[PDB]
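For reference, work.cif is printed below; it contains mmCIF, C-alpha atoms (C1' of nucleotides).
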```
data_model
loop_
_atom_site.label_atom_id
_atom_site.label_comp_id
_atom_site.auth_asym_id
_atom_site.auth_seq_id
_atom_site.Cartn_x
_atom_site.Cartn_y
_atom_site.Cartn_z
CA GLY A 156 -14.54 -27.15 -21.42
CA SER A 157 -13.04 -24.27 -23.41
CA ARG A 158 -13.03 -21.71 -20.61
CA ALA A 159 -10.70 -19.20 -22.30
CA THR A 160 -7.56 -20.29 -24.12
CA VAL A 161 -4.58 -18.60 -25.74
CA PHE A 162 -5.89 -19.15 -29.29
CA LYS A 163 -9.17 -17.27 -28.87
CA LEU A 164 -7.29 -14.61 -26.92
CA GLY A 165 -4.78 -14.16 -29.74
CA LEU A 166 -7.39 -13.44 -32.39
CA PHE A 167 -9.36 -11.40 -29.84
CA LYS A 168 -6.28 -9.21 -29.46
CA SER A 169 -5.70 -9.15 -33.21
CA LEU A 170 -9.20 -7.70 -33.65
CA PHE A 171 -10.03 -5.46 -30.65
CA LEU A 172 -6.44 -4.88 -29.41
CA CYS A 173 -7.33 -5.58 -25.75
CA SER A 174 -7.04 -8.80 -23.80
CA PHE A 175 -9.64 -11.00 -22.14
CA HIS A 176 -7.57 -11.26 -18.95
CA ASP A 177 -7.73 -7.44 -18.71
CA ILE A 178 -11.52 -7.23 -19.05
CA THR A 179 -12.26 -10.30 -16.86
CA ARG A 180 -10.30 -12.42 -14.45
CA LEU A 181 -9.71 -15.99 -13.61
CA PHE A 182 -11.79 -19.09 -12.79
CA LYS A 183 -10.87 -22.56 -14.06
CA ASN A 184 -13.40 -23.90 -11.53
CA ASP A 185 -16.39 -24.68 -13.74
CA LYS A 186 -18.59 -24.83 -10.63
CA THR A 187 -18.25 -21.23 -9.39
CA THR A 188 -21.08 -19.09 -10.74
CA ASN A 189 -21.89 -15.43 -11.41
CA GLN A 190 -24.73 -13.47 -12.97
CA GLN A 191 -22.52 -11.24 -15.11
CA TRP A 192 -20.34 -12.75 -17.84
CA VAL A 193 -18.27 -11.82 -20.89
CA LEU A 194 -18.17 -13.68 -24.19
CA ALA A 195 -16.47 -13.70 -27.58
CA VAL A 196 -17.64 -16.22 -30.18
CA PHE A 197 -16.01 -17.27 -33.44
CA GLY A 198 -17.39 -18.35 -36.81
CA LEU A 199 -20.73 -16.55 -36.62
CA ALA A 200 -22.99 -15.18 -39.36
CA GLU A 201 -24.07 -11.56 -38.97
CA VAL A 202 -27.79 -12.34 -39.31
CA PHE A 203 -27.81 -14.63 -36.29
CA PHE A 204 -25.59 -12.15 -34.42
CA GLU A 205 -28.20 -9.42 -34.87
CA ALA A 206 -30.74 -12.07 -33.88
CA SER A 207 -28.49 -12.80 -30.89
CA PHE A 208 -29.22 -9.38 -29.42
CA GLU A 209 -32.82 -10.22 -30.33
CA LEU A 210 -32.87 -13.54 -28.46
CA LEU A 211 -30.76 -12.70 -25.41
CA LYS A 212 -32.36 -9.32 -24.64
CA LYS A 213 -35.15 -11.14 -22.79
CA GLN A 214 -33.54 -12.18 -19.61
CA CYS A 215 -30.48 -10.08 -18.79
CA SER A 216 -30.15 -6.75 -17.02
CA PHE A 217 -27.82 -5.63 -19.84
CA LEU A 218 -26.38 -6.98 -23.09
CA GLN A 219 -23.64 -5.57 -25.34
CA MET A 220 -22.27 -7.14 -28.50
CA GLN A 221 -19.85 -6.01 -31.20
CA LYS A 222 -18.53 -7.68 -34.32
CA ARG A 223 -15.58 -7.89 -36.73
CA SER A 224 -13.49 -8.85 -38.88
CA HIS A 225 -10.85 -8.59 -41.63
CA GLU A 226 -10.64 -11.69 -43.83
CA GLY A 227 -9.03 -13.83 -41.11
CA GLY A 228 -11.59 -14.97 -38.56
CA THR A 229 -14.62 -13.45 -36.87
CA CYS A 230 -14.66 -12.71 -33.13
CA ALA A 231 -18.18 -11.66 -32.13
CA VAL A 232 -17.57 -10.22 -28.66
CA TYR A 233 -20.51 -10.17 -26.26
CA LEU A 234 -21.12 -8.66 -22.85
CA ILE A 235 -23.69 -10.70 -20.96
CA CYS A 236 -25.16 -9.91 -17.54
CA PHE A 237 -28.06 -12.24 -16.80
CA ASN A 238 -30.89 -11.77 -14.32
CA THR A 239 -30.21 -14.88 -12.21
CA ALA A 240 -26.70 -16.31 -11.89
CA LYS A 241 -25.88 -19.32 -14.06
CA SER A 242 -22.69 -21.38 -14.05
CA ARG A 243 -20.12 -21.68 -16.84
CA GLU A 244 -21.66 -25.00 -17.88
CA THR A 245 -25.22 -23.62 -17.88
CA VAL A 246 -24.37 -20.40 -19.73
CA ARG A 247 -22.06 -22.49 -21.91
CA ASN A 248 -25.00 -24.70 -22.87
CA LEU A 249 -27.13 -21.60 -23.45
CA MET A 250 -24.64 -19.95 -25.79
CA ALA A 251 -23.74 -23.22 -27.52
CA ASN A 252 -27.43 -23.64 -28.15
CA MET A 253 -27.38 -20.02 -29.35
CA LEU A 254 -24.66 -19.66 -31.95
CA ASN A 255 -24.52 -22.89 -34.07
CA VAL A 256 -20.79 -23.49 -33.48
CA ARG A 257 -18.72 -25.80 -31.32
CA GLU A 258 -18.28 -25.49 -27.57
CA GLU A 259 -14.74 -24.37 -28.57
CA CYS A 260 -15.21 -20.66 -29.20
CA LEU A 261 -16.84 -19.64 -25.90
CA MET A 262 -15.10 -17.21 -23.51
CA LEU A 263 -16.72 -17.52 -20.10
CA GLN A 264 -15.32 -15.61 -17.10
CA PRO A 265 -16.86 -13.18 -14.60
CA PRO A 266 -16.14 -9.50 -15.32
CA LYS A 267 -13.76 -7.57 -13.09
CA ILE A 268 -15.27 -4.74 -11.04
CA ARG A 269 -11.96 -2.95 -10.25
CA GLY A 270 -10.08 -2.32 -13.51
CA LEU A 271 -9.64 0.56 -15.94
CA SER A 272 -9.42 -1.17 -19.33
CA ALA A 273 -12.09 -3.62 -18.12
CA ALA A 274 -14.62 -0.85 -18.73
CA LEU A 275 -12.71 1.31 -21.22
CA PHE A 276 -13.01 -1.58 -23.69
CA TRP A 277 -16.80 -1.70 -23.50
CA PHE A 278 -17.07 2.10 -23.18
CA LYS A 279 -15.35 2.35 -26.57
CA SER A 280 -17.49 -0.51 -27.91
CA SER A 281 -20.68 1.30 -26.85
CA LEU A 282 -20.05 3.93 -29.53
CA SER A 283 -19.54 1.39 -32.32
CA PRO A 284 -22.26 1.29 -35.02
CA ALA A 285 -23.03 -2.44 -34.66
CA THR A 286 -23.08 -2.30 -30.85
CA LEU A 287 -26.49 -3.22 -29.41
CA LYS A 288 -27.17 -2.08 -25.84
CA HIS A 289 -30.22 -2.72 -23.65
CA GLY A 290 -31.04 -0.72 -20.55
CA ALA A 291 -28.60 0.21 -17.83
CA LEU A 292 -25.01 -0.90 -18.19
CA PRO A 293 -23.93 -3.15 -15.29
CA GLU A 294 -22.64 -1.39 -12.17
CA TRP A 295 -19.06 -2.46 -12.98
CA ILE A 296 -18.56 -0.50 -16.23
CA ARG A 297 -21.43 1.81 -15.28
CA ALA A 298 -19.23 2.31 -12.18
CA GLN A 299 -15.66 2.39 -13.51
CA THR A 300 -16.09 4.87 -16.40
CA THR A 301 -19.50 6.34 -15.59
CA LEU A 302 -21.54 7.29 -12.56
CA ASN A 303 -20.34 10.70 -13.10
CA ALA A 304 -22.44 13.86 -12.59
CA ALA A 305 -24.71 13.90 -15.64
CA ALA A 306 -24.91 17.71 -15.63
CA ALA A 307 -22.39 18.54 -12.89
"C1'" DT B 1 -7.99 -47.88 -9.02
"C1'" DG B 2 -8.67 -43.87 -12.48
"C1'" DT B 3 -11.91 -39.96 -12.75
"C1'" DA B 4 -16.60 -36.90 -13.20
"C1'" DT B 5 -18.47 -33.68 -10.03
"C1'" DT B 6 -19.03 -30.05 -5.51
"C1'" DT B 7 -19.50 -27.49 -0.75
"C1'" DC B 8 -16.21 -26.31 3.18
"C1'" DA B 9 -11.93 -23.43 4.03
"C1'" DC B 10 -8.16 -19.27 4.36
"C1'" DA B 11 -8.72 -15.36 1.96
"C1'" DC B 12 -7.89 -11.51 -2.61
"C1'" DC B 13 -10.12 -7.59 -2.21
"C1'" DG B 14 -14.10 -4.34 -0.49
"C1'" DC B 15 -18.67 -1.69 -0.16
"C1'" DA B 16 -19.55 0.96 3.35
"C1'" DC B 17 -20.48 1.59 7.78
"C1'" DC B 18 -19.48 4.67 12.14
"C1'" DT B 19 -16.04 8.07 14.46
"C1'" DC B 20 -13.93 13.04 15.64
"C1'" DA B 21 -13.51 18.55 15.69
"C1'" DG B 22 -11.00 21.80 12.86
"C1'" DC B 23 -13.04 24.70 9.07
"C1'" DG B 24 -17.23 28.17 8.30
"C1'" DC B 25 -20.83 31.73 12.52
"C1'" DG B 26 -22.62 38.86 14.85
"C1'" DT B 27 -25.48 43.81 14.93
"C1'" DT B 28 -25.70 49.83 14.63
"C1'" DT B 29 -31.67 53.20 13.87
"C1'" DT B 30 -32.77 56.29 16.41
"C1'" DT B 31 -32.25 60.13 19.13
"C1'" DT B 32 -29.56 63.88 19.56
"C1'" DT B 33 -28.46 66.64 16.69
"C1'" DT B 34 -28.98 72.70 18.20
"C1'" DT B 35 -32.39 73.47 15.76
"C1'" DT B 36 -36.17 78.18 17.16
"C1'" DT B 37 -40.54 77.82 20.13
"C1'" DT B 38 -42.01 76.66 24.45
"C1'" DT B 39 -43.96 81.20 29.04
"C1'" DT B 40 -41.27 86.18 28.45
#
```

Would you mind giving the structure from this file in structure tokens?
Amino acid sequence: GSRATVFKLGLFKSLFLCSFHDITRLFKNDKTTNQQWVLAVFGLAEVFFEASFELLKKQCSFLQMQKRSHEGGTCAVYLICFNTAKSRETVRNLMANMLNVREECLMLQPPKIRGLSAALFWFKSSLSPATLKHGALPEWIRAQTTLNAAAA
DNA sequence: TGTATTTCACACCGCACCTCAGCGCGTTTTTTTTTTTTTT
């Protein structure tokens, strides 16, 4: 299982100071699917994180990732928006064949299309040095904080 | 009898359609002007 629990959320907050319930919202139904997803993964080495942008940036319309931390536990936060929708079990198997960790530290929920912080978080992350973007941002963030007149 | 594994089923919440009429809305030199021919 390990949909999204209080423990991962606590260290997520301790690192990026914004919740996972405020960037996504709720499904405990591990059957309901979606193409877009969010993810934060724990206990990762930076080399395979940089290679994670490498590997994933085949098959998704966008991909954002950012990294921490301070001597207390690493929370590599992803933003994943695949090409064809895949369930929490399928994307769970993908990422837990990706990151050489347990099924524990996965954070799978669809992103929330109406919400301010839900795109402010990634809009701030987009300027971070270790952030790795590919192509157009998904229409949710790329709707909430952008889609504004490029040159009036 | 306990439990993994999944669409229908009422609906959060909506992207975006069509639906009205109250807001904007316009031409005027040239001729005539008294000027000096214009018979006388």

For the structure shown, which residues end up in the PyMOL selection byres ((chain B) within 10 of (chain A))? Put them as a compact mmCIF listing (two decimals) with C-alpha atoms (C1' of nucleotides), in the frame of the given file, please?
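This went into expr21.txt:
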```
# COMPACT_ATOMS: atom_id res chain seq x y z
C1' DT B 5 -18.47 -33.68 -10.03
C1' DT B 6 -19.03 -30.05 -5.51
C1' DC B 13 -10.12 -7.59 -2.21
```

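Taken over the shown file, the PyMOL selection byres ((chain A and resi 300) around 12) identifies residues 268, 269, 270, 271, 272, 273, 274, 275, 276, 277, 278, 279, 281, 292, 293, 294, 295, 296, 297, 298, 299, 301, 302, 303 and 304 of chain A.
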
Once the PyMOL selection byres ((chain A and resi 157) around 9) has been evaluated on this model, what residues remain selected, and can you format them as a VMD selection string? chain A and resid 156 158 to 160 258 to 263

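Of note, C1' of residue 9 (chain B) and CA of residue 184 (chain A) are spaced 15.6 Å apart.
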
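Going from CA of residue 192 (chain A) to CA of residue 179 (chain A) covers 8.5 Å.
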
For the atom pair CA of residue 239 (chain A) and CA of residue 284 (chain A), what is the interatomic distance in Å to one decimal place? 29.1 Å

Give me, as a PyMOL selection string, all polymer residues having an atom no more than 6 Å from residue 230 (chain A), counting all atoms listed in the file and skipping those fewer than 3 positions away in the same chain. chain A and resi 195-197

Centre and edges of the region 156-171 of chain A box, axis-aligned, 6 Å extra per side, as AutoDock Vina command-line options:
```
--center_x -9.6 --center_y -16.3 --center_z -27.1 --size_x 22.0 --size_y 33.7 --size_z 25.0
```
